[PDB]
Structures are given as C-alpha cells and as structure tokens.
Amino acid sequence: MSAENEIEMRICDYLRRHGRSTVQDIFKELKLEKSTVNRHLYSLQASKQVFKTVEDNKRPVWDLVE
C-alpha cells in the first residue's frame, strides 16, 4: 500500500462520506497539507477517479466520477 495511494484512498473516502467538497474542507478534515491534497486531486483526476466542478462566485468542488 503505497503512501501516495493511501492519501488518494483517504481522499476518495472523504468525498464518499461528505459529497463534493472544496480542497479546503478536504485537507483540513484529513489533517493533511493543502499542497498534498492538491497534488493527489489532479493525479486522481488524471486517472479519472475524481472530477472538478466550477461555478460563478463559488469555490471549485471535487466529487467522485464513479
């Protein structure tokens, strides 16, 4: 269990429990670094596991593809 897979799996599971979330909610409830979470969000987006939604006067939120 790669520690980078552990962070992505912890992240996916955060989104399962709470639904689409900002990078802020995520890194602070997983007690992780914002730059850590951001890294693995784009990694997970690349491997098509999470996806990002943007909106006017709103923060981007991530949720699970599947």
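Residues that are touching a residue at least 24 places away in the same chain (Cβ under 8 Å) and in contact with a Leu (Cβ under 9 Å, 6 or more places away or on another chain) within the range 45-66 comprise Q49, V50, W62, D63, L64, listed in sequence order.
Scanning the range 26-51 for residues that are crowded, with 17+ Cβ neighbours inside 10 Å and in a helix (DSSP H, G or I) yields a count of 6. Checked against (1) more than 18 Å from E66 (Cβ to Cβ); (2) under 11 Å from the mean Cα position of the chain (by Cα), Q49 passes all but a single condition, namely (1).
The residues of the range 1-21 that are exposed (fewer than 14 other Cβ atoms within 10 Å of the Cβ) and either among the β-branched types (V, I, T) or not in a helix (DSSP H, G or I) (or both), listed by number, are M1, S2, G19. Per the conditions (1) touching a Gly at 6+ places or on another chain (Cβ under 7 Å); (2) over 15 Å from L15 (Cα atoms); (3) of a type in the set (D, E), the sole criterion not satisfied by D56 is (1).
Restricting attention to the range 22-44, the residues that are in contact with an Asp or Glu (Cβ under 8 Å, 6 or more places away or on another chain) and in contact (Cβ under 8 Å) with a residue 12 or more places away in the chain add up to 3.
Read-outs throughout are calculated quantities, based only on the coordinates presented, and are distinct from any laboratory measurement. Quick reminder, even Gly has a Cβ in these numbers, built from the backbone with ideal geometry, and neighbours come from all protein chains shown.
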